[PDB]
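*Asks:* My complex, part one, positions kept as in the full thing:
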Amino acid sequence: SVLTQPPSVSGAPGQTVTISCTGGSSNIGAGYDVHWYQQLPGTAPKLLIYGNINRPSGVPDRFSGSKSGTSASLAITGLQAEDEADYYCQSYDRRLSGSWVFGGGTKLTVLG
Amino acid sequence: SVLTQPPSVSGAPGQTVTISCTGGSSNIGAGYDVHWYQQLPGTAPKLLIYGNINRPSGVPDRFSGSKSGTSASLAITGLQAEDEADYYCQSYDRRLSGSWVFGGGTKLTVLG
Amino acid sequence: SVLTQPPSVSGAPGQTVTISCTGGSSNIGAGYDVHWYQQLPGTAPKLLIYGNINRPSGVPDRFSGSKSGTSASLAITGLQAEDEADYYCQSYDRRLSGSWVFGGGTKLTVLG
């Protein structure tokens, strides 16, 4: 895990939370794109954000992302009961021989 | 039964239905012609389409077909009550020692 | 009528007109020869060209012909009053059980 994420983030329904994915001069600070994935408790990962700003068709407007310098962030506005999942950031690290590098993963708990 | 056909199809009077015959790279995808035969419930089969586009004099203009890649399809438009019969697809398979190979057989039932 | 010939062509006396017979990949495009016959209105057809280039002694040197691919042509130069006759193209078809196949036929008219 060359990318670092907080182990958990929580919030009551209705407000906005942020998931950070800090990197270094070799992966995020080297100009490589950052993508985000969502994994519900019993299913496979689903693409959430690509190109640091774009989202696929199925993803609603609540999720948005941005990056600056060597760090990236995921903003989730208006928490719902269905947003409880693990969120992974993915990039490319120049110091390795792998196509992708994943973050630690942040578990989002909605305080119902 | 290297050629795959649906066991049963149905269509209301006057609608358009299609009978498909699925082969492989050795029989249909290798460039061999597909031929279609129609058999009444009580008599011998009768030639319906030869050469993937051509029909005899007896066959009405309603019956038409074509082939593409590793699949073939027989199109029947303006379904009639007398169209209830078993439809077979025939080609030649390269990997066997037989002149003809037949399909599973499709039963057409008109929802009168 | 597997071979196609124009219904009628016309030209001035002494000029050159082209009579074409367009076949398919099974009769002319398959490498089989094309033979031309000139039928007078009041007698039986007479052999005109055989072997796609060869003519009998009776046929004058004005008549000539050649073939390429799936098509053949009859080239007539110096149109005369006695050239008014029906011309047929003949070849062999692989897809049938007939020794010869005859085209529609071309009626040649000289603007005397």
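*Replies:* Now that the structure is in, tell me what you want to look at. Numbers count the residues shown, from 1 in each chain, chains lettered A, B, ... in the order given.
*Asks:* Could you check how far residue A:38 is from residue A:105?
*Replies:* 11 Å (C-beta to C-beta, to the nearest Å). Any C-beta I mention is one placed from the backbone N, CA and C, and that applies to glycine too.
*Asks:* which neighbours do these two share?
*Replies:* Counting by C-beta atoms under 8 Å, 6 or more residues apart in numbering or on different chains, the shared contacts of residue A:38 and residue A:105 are A:86, A:87.
*Asks:* Residue A:9 is in contact with residue A:17, isn't it?
*Replies:* Yes: using C-beta atoms under 8 Å, residue A:9 is in contact with residue A:17, at 5.5 Å.
*Asks:* Give me the common contacts of those two.
*Replies:* Taking C-beta under 8 Å, 6+ apart as the criterion, residue A:9 and residue A:17 both touch residue A:108.
*Asks:* C-terminal to the host helix or strand of residue A:67, what's the next element?
*Replies:* Residue A:67 is part of strand A:63-68 when elements are defined by DSSP states H and E. Counting by DSSP H and E, the next helix or strand C-terminal to strand A:63-68 is strand A:71-76.
*Asks:* gap between that following strand and the chain center?
*Replies:* In this view, strand A:71-76 has its centroid 6 Å away from the chain centroid, taken as C-alpha atoms, centre = their mean, to the nearest Å.
*Asks:* How many residues are close by the spatially closest residue to residue A:95 that is not a sequence neighbour?
*Replies:* Residue nearest to residue A:95 in three dimensions, not counting chain neighbours: residue A:26, with 5.0 Å by C-beta to C-beta, 6 or more residues apart in numbering or on different chains. The number of residues packed near residue A:26 is 17, by other C-beta atoms under 10 Å in any protein chain shown.
*Asks:* Using the three-state scheme, assign residue A:26.
*Replies:* Secondary structure assignment for residue A:26 (DSSP: H, G, I helix; E, B strand; the rest coil): coil.
*Asks:* Name all residues that make contact with it.
*Replies:* Residue A:26 neighbours (C-beta under 8 Å, 6+ apart): A:2, A:93, A:94, A:95.
*Asks:* could you also fit chain D onto it:
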Amino acid sequence: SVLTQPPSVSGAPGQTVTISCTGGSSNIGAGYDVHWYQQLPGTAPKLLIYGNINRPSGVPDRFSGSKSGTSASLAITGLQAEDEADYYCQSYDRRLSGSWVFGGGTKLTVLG
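*Replies:* Just below you will find chain D, in place on the chains above:
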């Protein structure tokens, strides 16, 4: 519509107008060529400019175009009444899986 265009441009006869097609760093800023098409109201599109400067035989000298940076422009000098048509810019976007990407399309109305 990765390439954005003005929705409408108008001008008086005899003067010069400009239609612009600006993109991003992945399609026009990446070095790929820009081509222009003209669609008269009731027919199919016709090629106008290819290679950012070249025009076919039928296109008159009035039309011309060039590109610089991440923008491409079409210059029409001396408008006529028959220049009323939709103009589309076409290029290739590196971020998709398609051969062509089209612009929105600009309708030119000549103030006769």
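*Asks:* since we added chain D, can you redo the contacts of residue A:26?
*Replies:* Residues counted as contacts of residue A:26 (C-beta under 8 Å, 6+ apart) are A:2, A:93, A:94, A:95.
*Asks:* The first one reaches residue A:21, doesn't it?
*Replies:* No: in this structure, residue A:2 sits apart from residue A:21 without contact. The criterion is C-beta under 8 Å, and the distance is 10.7 Å.
*Asks:* ok, back up a step: tell me the angle the strand holding residue A:67 makes with strand A:71-76.
*Replies:* Going by axes from the mean of the first three to the mean of the last three C-alpha atoms, to 10 degrees, strand A:63-68 is angled at 160 degrees with respect to strand A:71-76.
*Asks:* who's in contact with strand A:63-68?
*Replies:* Outside of strand A:63-68, the residues within contact range by C-beta under 8 Å, 6+ apart are A:28, A:34, A:36, A:48-49, A:52-53, A:55, A:72-77.
*Asks:* Just the buried residues from those, in ChimeraX please.
*Replies:* Buried residues within the contacts of strand A:63-68, by 16 or more other C-beta atoms under 10 Å in any protein chain shown, are selected in ChimeraX with:
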select /A:28,34,36,48,49,52,55,72,73,74,76
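*Asks:* a markdown table please, covering the contacts of strand A:63-68 and showing distance to residue A:13.
*Replies:* Output for these, formatted as a markdown table (distance: C-beta to C-beta, whole Å):
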| residue | distance to residue A:13 |
| --- | --- |
| A:28 | 31 |
| A:34 | 27 |
| A:36 | 21 |
| A:48 | 19 |
| A:49 | 21 |
| A:52 | 27 |
| A:53 | 25 |
| A:55 | 21 |
| A:72 | 25 |
| A:73 | 21 |
| A:74 | 18 |
| A:75 | 16 |
| A:76 | 11 |
| A:77 | 11 |
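*Asks:* Which members of the contacts of strand A:63-68 are the farthest-apart pair?
*Replies:* A:28 and A:77 (23.1 Å; C-beta to C-beta).
*Asks:* picking that back up, JSON lines for the contacts of residue A:26, including neighbour count?
*Replies:* Listed next are the contacts of residue A:26 as JSON lines, based on neighbours: other C-beta atoms under 10 Å in any protein chain shown:
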{"residue": "A:2", "neighbour count": "18"}
{"residue": "A:93", "neighbour count": "19"}
{"residue": "A:94", "neighbour count": "12"}
{"residue": "A:95", "neighbour count": "12"}
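*Asks:* Chain E goes on too:
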Amino acid sequence: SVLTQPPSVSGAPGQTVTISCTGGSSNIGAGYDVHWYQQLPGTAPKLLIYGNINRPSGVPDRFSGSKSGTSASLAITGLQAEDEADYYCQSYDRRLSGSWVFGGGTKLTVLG
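*Replies:* The block that follows adds chain E to the chains above:
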């Protein structure tokens, strides 16, 4: 003529002259070979240089050629009386659908 040649070049007998052939980034600058032909006033062209450096058996050692960058040159040393002929440079243009593209044609006259 995508290849540009000077319309005429002259020199005194016994001296050295050079015929140039300038192309673009699609024909000569893309790495394709340049061949030279010599046509006397009343005869068909004769191959002079192929592969940008090589010559046939009949061609004497006086003619020589080379290429570099976007241009190619044909060098003639020791002009004689019989070298009055048209010289053409031929290459392949990536932007067309043709096997060969020729130059304009340079007429060489020795001041005899």
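*Asks:* just to revisit the earlier point, buried by neighbour count: which residues of the strand holding residue A:67 qualify?
*Replies:* Quick answer for strand A:63-68 (16+ other C-beta under 10 Å): A:63, A:65, A:67.
*Asks:* how far away is the nearest residue to residue A:17 once chain neighbours are set aside from residue A:46?
*Replies:* The shortest distance from residue A:17 to any non-neighbouring residue, by C-beta to C-beta, 6+ apart, is to residue A:11 (4.5 Å). Note on residue A:11: its distance to residue A:46, by C-beta to C-beta, is 21 Å.
*Asks:* ok, these two, which is more surrounded?
*Replies:* Neighbour totals were compared for residue A:11 and residue A:46, and residue A:11 leads with 16 against 13 (other C-beta under 10 Å).
*Asks:* Tell me the bridge partners for that one.
*Replies:* For residue A:11, the beta-bridge partners are residue A:110 (DSSP bridges).
*Asks:* so it makes contact with residue A:111?
*Replies:* Yes: the pair residue A:11 / residue A:111 is scored as a contact, 6.3 Å apart, by C-beta under 8 Å.
*Asks:* Mutual contacts of the two, please.
*Replies:* With C-beta under 8 Å, 6+ apart, residue A:11 and residue A:111 have no common neighbours.
*Asks:* wait, residue A:2 sits on residue A:23?
*Replies:* Yes: using C-beta under 8 Å, residue A:2 is in contact with residue A:23, at 7.2 Å.
*Asks:* Just list the residues touching residue A:24, thanks.
*Replies:* A:2, A:70.
*Asks:* Apply 6 Å and report the result again.
*Replies:* residue A:70 (C-beta atoms under 6 Å, 6 or more residues apart in numbering or on different chains).
*Asks:* that older thread, strand partners (parallel or antiparallel) of the strand holding residue A:67?
*Replies:* Next to strand A:63-68 in the sheet, as set by DSSP bridges, lie strand A:71-76 (antiparallel).
*Asks:* Now the element after the partner strand, going C-ward?
*Replies:* For strand A:71-76, the succeeding helix or strand toward the C-terminus, using DSSP H and E, is strand A:86-91.
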